[PDB]
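Novice: Just dropping this structure here.
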Amino acid sequence: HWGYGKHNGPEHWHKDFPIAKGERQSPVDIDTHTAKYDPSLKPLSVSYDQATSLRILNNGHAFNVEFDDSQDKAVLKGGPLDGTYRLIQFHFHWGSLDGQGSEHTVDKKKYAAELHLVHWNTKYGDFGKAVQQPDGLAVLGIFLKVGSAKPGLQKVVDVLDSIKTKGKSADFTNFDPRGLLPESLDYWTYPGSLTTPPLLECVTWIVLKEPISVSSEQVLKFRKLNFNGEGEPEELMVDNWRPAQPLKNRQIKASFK
Ligand SMILES: NS(=O)(=O)c1cc(C(=O)O)c(NCc2ccco2)cc1Cl
Ligand SMILES: [Hg+2]
Ligand code: NA
Ligand SMILES: [Zn+2]
């Protein structure tokens, strides 16, 4: 099965998922001097007041915090997007040490981690239909650097003990994802893909310029999770990031001057 190790990591994924070598793969390096300001881009509208989180799951590659997406509650609109995109889950990618872990890079800089808030385009009715469309998904990406603690992350950190191994889940209601956002909503945007198999080319990426700070203790707890299931040899869940992929014939646009 695919993973992040020597024998099943990103360099192998193309064998089962040939789109890994496709024309709009993610992540990418954001070259800040080539990304052009686009005055036609709109402010991002993040409407999370009515979010209903349900559960947190260790899926064997990361952990997902899942939301009720059965009705318009937490939605992303504006920015580069046409229409309304509903929040379905968020997860992170992170490193074994603070100097790596992000998927996107900024002028080749790797952050300690990267948060992905995954949303699907409601014009397609359900997530499964949305991932058959080139504008089916919008992912809001937020970099994490190590410094001061992020208070809004601590509830996540504190439940991880209970989902140590693949396939474990726990109730995770009443979590407010607004507490994971930075001050500024300035962003870069480009067309891309899932960064995990099946690597589907459905995503409008919206990557915030401003990182959030989290404490060393917070990210250290991420690194105590396990890729393996209960009763199997312990493989720490670290370095669950895909490296930057070729930009090809794409443009990265900046929302800010
Ligand atoms: N890392 S990511 O944000 O590109 C991402 C990552 C994952 C993930 O499973 O880690 C994911 N799972 C849902 C799924 C299944 C088929 C299409 O989307 C979706 C996305 Cl967009
Ligand atoms: Hg997995
Ligand atoms: Na450009
Ligand atoms: Zn992701």
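Quick note on naming: the chains in the structure tokens go A, B, ... in the order shown, residues restart at 1 in each chain, and ligands are numbered from 1 in order of appearance.
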Taking only residues of chain A that have an atom at most 9 Å from an atom of ligand 1, what is each one's shortest atom pair and its distance in Å to one decimal, using only C-alpha atoms and all ligand atoms, in chain and number order, as a Markdown table?

Specialist:
```
| residue | atom | partner | partner_atom_place_in_ligand_line | distance |
| --- | --- | --- | --- | --- |
| A:26 | CA | ligand 1 | 4 (O) | 7.4 |
| A:27 | CA | ligand 1 | 4 (O) | 8.1 |
| A:59 | CA | ligand 1 | 9 (O) | 7.9 |
| A:61 | CA | ligand 1 | 10 (O) | 7.0 |
| A:62 | CA | ligand 1 | 10 (O) | 6.7 |
| A:63 | CA | ligand 1 | 10 (O) | 8.2 |
| A:64 | CA | ligand 1 | 10 (O) | 7.8 |
| A:88 | CA | ligand 1 | 13 (C) | 8.9 |
| A:89 | CA | ligand 1 | 13 (C) | 8.4 |
| A:90 | CA | ligand 1 | 3 (O) | 7.8 |
| A:91 | CA | ligand 1 | 10 (O) | 7.3 |
| A:92 | CA | ligand 1 | 1 (N) | 7.9 |
| A:93 | CA | ligand 1 | 1 (N) | 7.8 |
| A:103 | CA | ligand 1 | 1 (N) | 8.5 |
| A:115 | CA | ligand 1 | 3 (O) | 8.2 |
| A:116 | CA | ligand 1 | 3 (O) | 5.0 |
| A:117 | CA | ligand 1 | 3 (O) | 6.9 |
| A:118 | CA | ligand 1 | 21 (Cl) | 5.5 |
| A:119 | CA | ligand 1 | 21 (Cl) | 7.7 |
| A:120 | CA | ligand 1 | 21 (Cl) | 8.9 |
| A:127 | CA | ligand 1 | 18 (O) | 7.8 |
| A:128 | CA | ligand 1 | 17 (C) | 7.3 |
| A:130 | CA | ligand 1 | 17 (C) | 8.7 |
| A:131 | CA | ligand 1 | 17 (C) | 5.8 |
| A:137 | CA | ligand 1 | 21 (Cl) | 6.8 |
| A:138 | CA | ligand 1 | 21 (Cl) | 7.5 |
| A:139 | CA | ligand 1 | 3 (O) | 5.9 |
| A:140 | CA | ligand 1 | 3 (O) | 8.2 |
| A:141 | CA | ligand 1 | 3 (O) | 7.8 |
| A:192 | CA | ligand 1 | 4 (O) | 8.7 |
| A:193 | CA | ligand 1 | 4 (O) | 6.1 |
| A:194 | CA | ligand 1 | 4 (O) | 3.3 |
| A:195 | CA | ligand 1 | 4 (O) | 4.0 |
| A:196 | CA | ligand 1 | 6 (C) | 5.3 |
| A:197 | CA | ligand 1 | 9 (O) | 7.3 |
| A:198 | CA | ligand 1 | 16 (C) | 6.2 |
| A:199 | CA | ligand 1 | 4 (O) | 7.4 |
| A:200 | CA | ligand 1 | 17 (C) | 6.5 |
| A:202 | CA | ligand 1 | 21 (Cl) | 8.1 |
| A:203 | CA | ligand 1 | 21 (Cl) | 6.7 |
| A:205 | CA | ligand 1 | 4 (O) | 8.8 |
| A:241 | CA | ligand 1 | 1 (N) | 8.4 |
| A:242 | CA | ligand 1 | 1 (N) | 8.7 |
```

Novice: Give as a PyMOL selection string the residues surrounding ligand 3 up to a distance of 7 Å, considering only C-alpha atoms and all ligand atoms.

Specialist: chain A and resi 34-36+251-253

Novice: Would you put the residues from that selection into a file with C-alpha atoms, as a PDB file, in the first residue's frame?

Specialist:
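Below is the file out.pdb, written as the result:
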```pdb
ATOM      1  CA  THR A  34       7.099  35.159 -10.229  1.00  0.00           C
ATOM      2  CA  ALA A  35       3.634  34.945  -8.632  1.00  0.00           C
ATOM      3  CA  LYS A  36       1.823  37.946 -10.074  1.00  0.00           C
ATOM      4  CA  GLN A 251       0.403  30.317 -13.059  1.00  0.00           C
ATOM      5  CA  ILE A 252       0.411  31.123  -9.364  1.00  0.00           C
ATOM      6  CA  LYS A 253      -1.522  34.306  -8.622  1.00  0.00           C
TER       7      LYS A 253
END
```

Novice: Have a look at CA of residue 180 (chain A) and CA of residue 165 (chain A) and let me know their distance in Å, one decimal.

Specialist: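 Interatomic distance, CA of residue 180 (chain A) to CA of residue 165 (chain A): 24.1 Å.
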
Novice: Have a look at A:146, A:181, A:220, A:113 and name the one nearest to ligand 4; count only C-alpha atoms and all ligand atoms.

Specialist: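 For ligand 4, the nearest of the candidates is A:113.
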
Novice: DSSP on the backbone, then: every residue of region 38-236 of chain A marked alpha helix (DSSP H), written as a list in words.

Specialist: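 Going through region 38-236 of chain A, the alpha helix (DSSP H) residues come out as residues 127, 128, 129, 130, 154, 155, 156, 157, 158, 159, 216, 217, 218, 219, 220, 221 and 222 of chain A.
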
Novice: Just the selected residues (N, CA and C atoms), exported as a PDB file, in the first residue's frame, please.

Specialist:
```pdb
ATOM      1  N   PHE A 127     -19.380  14.938  -2.439  1.00  0.00           N
ATOM      2  CA  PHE A 127     -17.927  14.949  -2.571  1.00  0.00           C
ATOM      3  C   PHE A 127     -17.460  14.010  -3.678  1.00  0.00           C
ATOM      4  N   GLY A 128     -18.060  12.814  -3.759  1.00  0.00           N
ATOM      5  CA  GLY A 128     -17.629  11.838  -4.752  1.00  0.00           C
ATOM      6  C   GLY A 128     -17.816  12.320  -6.177  1.00  0.00           C
ATOM      7  N   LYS A 129     -18.903  13.053  -6.437  1.00  0.00           N
ATOM      8  CA  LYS A 129     -19.106  13.646  -7.751  1.00  0.00           C
ATOM      9  C   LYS A 129     -18.176  14.828  -7.960  1.00  0.00           C
ATOM     10  N   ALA A 130     -17.901  15.591  -6.900  1.00  0.00           N
ATOM     11  CA  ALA A 130     -17.004  16.731  -7.027  1.00  0.00           C
ATOM     12  C   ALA A 130     -15.608  16.302  -7.464  1.00  0.00           C
ATOM     13  N   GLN A 154      -4.939  23.384  20.664  1.00  0.00           N
ATOM     14  CA  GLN A 154      -4.633  22.501  21.785  1.00  0.00           C
ATOM     15  C   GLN A 154      -5.668  21.387  21.938  1.00  0.00           C
ATOM     16  N   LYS A 155      -6.946  21.645  21.637  1.00  0.00           N
ATOM     17  CA  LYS A 155      -7.947  20.584  21.747  1.00  0.00           C
ATOM     18  C   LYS A 155      -7.634  19.427  20.810  1.00  0.00           C
ATOM     19  N   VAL A 156      -7.087  19.729  19.628  1.00  0.00           N
ATOM     20  CA  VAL A 156      -6.639  18.683  18.716  1.00  0.00           C
ATOM     21  C   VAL A 156      -5.484  17.908  19.324  1.00  0.00           C
ATOM     22  N   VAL A 157      -4.448  18.618  19.759  1.00  0.00           N
ATOM     23  CA  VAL A 157      -3.267  17.990  20.354  1.00  0.00           C
ATOM     24  C   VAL A 157      -3.659  17.038  21.474  1.00  0.00           C
ATOM     25  N   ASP A 158      -4.592  17.461  22.322  1.00  0.00           N
ATOM     26  CA  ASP A 158      -4.901  16.692  23.519  1.00  0.00           C
ATOM     27  C   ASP A 158      -5.710  15.435  23.241  1.00  0.00           C
ATOM     28  N   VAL A 159      -6.355  15.313  22.083  1.00  0.00           N
ATOM     29  CA  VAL A 159      -7.088  14.089  21.762  1.00  0.00           C
ATOM     30  C   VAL A 159      -6.219  13.060  21.047  1.00  0.00           C
ATOM     31  N   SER A 216       6.589  24.029  20.093  1.00  0.00           N
ATOM     32  CA  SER A 216       7.327  22.790  19.888  1.00  0.00           C
ATOM     33  C   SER A 216       6.584  21.618  20.516  1.00  0.00           C
ATOM     34  N   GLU A 217       5.982  21.837  21.687  1.00  0.00           N
ATOM     35  CA  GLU A 217       5.258  20.765  22.353  1.00  0.00           C
ATOM     36  C   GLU A 217       4.053  20.314  21.536  1.00  0.00           C
ATOM     37  N   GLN A 218       3.365  21.250  20.875  1.00  0.00           N
ATOM     38  CA  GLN A 218       2.218  20.877  20.056  1.00  0.00           C
ATOM     39  C   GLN A 218       2.638  19.987  18.886  1.00  0.00           C
ATOM     40  N   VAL A 219       3.661  20.396  18.130  1.00  0.00           N
ATOM     41  CA  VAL A 219       4.062  19.591  16.975  1.00  0.00           C
ATOM     42  C   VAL A 219       4.705  18.281  17.427  1.00  0.00           C
ATOM     43  N   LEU A 220       5.366  18.272  18.587  1.00  0.00           N
ATOM     44  CA  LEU A 220       5.927  17.024  19.100  1.00  0.00           C
ATOM     45  C   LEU A 220       4.849  15.972  19.332  1.00  0.00           C
ATOM     46  N   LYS A 221       3.648  16.396  19.734  1.00  0.00           N
ATOM     47  CA  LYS A 221       2.550  15.455  19.918  1.00  0.00           C
ATOM     48  C   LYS A 221       2.088  14.867  18.589  1.00  0.00           C
ATOM     49  N   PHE A 222       2.071  15.665  17.513  1.00  0.00           N
ATOM     50  CA  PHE A 222       1.773  15.105  16.201  1.00  0.00           C
ATOM     51  C   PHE A 222       2.722  13.943  15.908  1.00  0.00           C
TER      52      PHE A 222
END
```

Novice: To test your reading of the structure, identify every residue in region 167-217 of chain A that backbone DSSP assigns to strand (DSSP E or B), and report it as a tab-separated table (two decimals) with N, CA and C atoms, in the first residue's frame.

Specialist:
```tsv
chain	number	residue	atom	x	y	z
A	169	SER	N	-10.57	6.17	15.98
A	169	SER	CA	-11.29	7.43	15.90
A	169	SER	C	-11.80	7.79	17.28
A	170	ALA	N	-12.19	9.05	17.43
A	170	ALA	CA	-12.77	9.54	18.67
A	170	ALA	C	-13.78	10.63	18.35
A	171	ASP	N	-14.78	10.77	19.21
A	171	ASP	CA	-15.70	11.88	19.08
A	171	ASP	C	-14.91	13.17	19.14
A	187	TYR	N	-3.38	35.51	0.12
A	187	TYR	CA	-3.17	34.16	-0.38
A	187	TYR	C	-2.52	34.15	-1.75
A	188	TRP	N	-1.98	32.98	-2.08
A	188	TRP	CA	-1.63	32.58	-3.44
A	188	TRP	C	-2.61	31.51	-3.90
A	189	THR	N	-2.85	31.43	-5.20
A	189	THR	CA	-3.76	30.41	-5.73
A	189	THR	C	-3.26	29.86	-7.05
A	190	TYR	N	-3.53	28.58	-7.27
A	190	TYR	CA	-3.18	27.92	-8.53
A	190	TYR	C	-4.02	26.65	-8.63
A	191	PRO	N	-4.17	26.12	-9.86
A	191	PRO	CA	-4.91	24.85	-10.05
A	191	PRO	C	-4.01	23.66	-9.82
A	192	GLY	N	-4.45	22.72	-9.01
A	192	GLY	CA	-3.66	21.54	-8.70
A	192	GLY	C	-4.46	20.31	-8.40
A	203	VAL	N	-8.44	20.30	-7.68
A	203	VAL	CA	-8.31	21.24	-6.57
A	203	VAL	C	-7.94	22.63	-7.05
A	204	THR	N	-8.69	23.63	-6.60
A	204	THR	CA	-8.22	25.01	-6.58
A	204	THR	C	-7.50	25.21	-5.24
A	205	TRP	N	-6.18	25.38	-5.29
A	205	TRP	CA	-5.39	25.59	-4.09
A	205	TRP	C	-5.41	27.07	-3.71
A	206	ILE	N	-5.60	27.33	-2.42
A	206	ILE	CA	-5.58	28.67	-1.85
A	206	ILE	C	-4.64	28.56	-0.65
A	207	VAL	N	-3.42	29.07	-0.79
A	207	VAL	CA	-2.38	28.94	0.23
A	207	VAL	C	-2.18	30.29	0.88
A	208	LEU	N	-2.42	30.38	2.19
A	208	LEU	CA	-2.27	31.64	2.89
A	208	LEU	C	-0.80	32.02	3.04
A	212	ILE	N	0.69	30.24	10.73
A	212	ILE	CA	0.34	30.24	12.14
A	212	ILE	C	1.54	29.72	12.91
A	213	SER	N	1.68	30.20	14.14
A	213	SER	CA	2.67	29.68	15.06
A	213	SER	C	2.04	28.62	15.94
A	214	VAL	N	2.77	27.52	16.15
A	214	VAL	CA	2.42	26.48	17.10
A	214	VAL	C	3.66	26.21	17.96
```

Novice: Out of A:50, A:226, A:102, A:70, which residue has the shortest atom-to-atom distance to ligand 4 when counting only C-alpha atoms and all ligand atoms?

Specialist: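 Using only C-alpha atoms and all ligand atoms, the shortest distance to ligand 4 belongs to A:102.
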
Novice: Using only C-alpha atoms, which protein or nucleic acid residues come within 12 Å of residue 18 (chain A)? Drop anything in the same chain fewer than 3 positions from it, and give the result as a PyMOL selection string.

Specialist: chain A and resi 10-15+21-23+25+197-201

Novice: Given only C-alpha atoms and all ligand atoms as the basis, pick out the residue of A:228, A:184, A:162, A:105 nearest to ligand 2.

Specialist: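 Of all the options, A:228 lies closest to ligand 2.
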
Novice: Residues within 7 Å of residue 79 (chain A), please, as a PyMOL selection string. Count only C-alpha atoms; anything in the same chain fewer than 5 positions from it doesn't count.

Specialist: chain A and resi 41-44

Novice: From the options A:142, A:153, A:238, A:20, which residue's atoms come nearest to residue 209 (chain A), counting only C-alpha atoms?

Specialist: A:142

Novice: Of the residues A:1, A:248, A:109, A:86, which is the one nearest to residue 72 (chain A), using only C-alpha atoms?

Specialist: A:86

Novice: When distances are computed from only C-alpha atoms and all ligand atoms, which of A:75, A:149, A:144, A:57 shows the smallest separation from ligand 2?

Specialist: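 Smallest distance to ligand 2 is found for A:57.
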
Novice: Using only C-alpha atoms, which residues sit within 7 Å of residue 122 (chain A) once same-chain residues fewer than 4 positions away are excluded, as a ChimeraX atom specification?

Specialist: /A:84-86,126
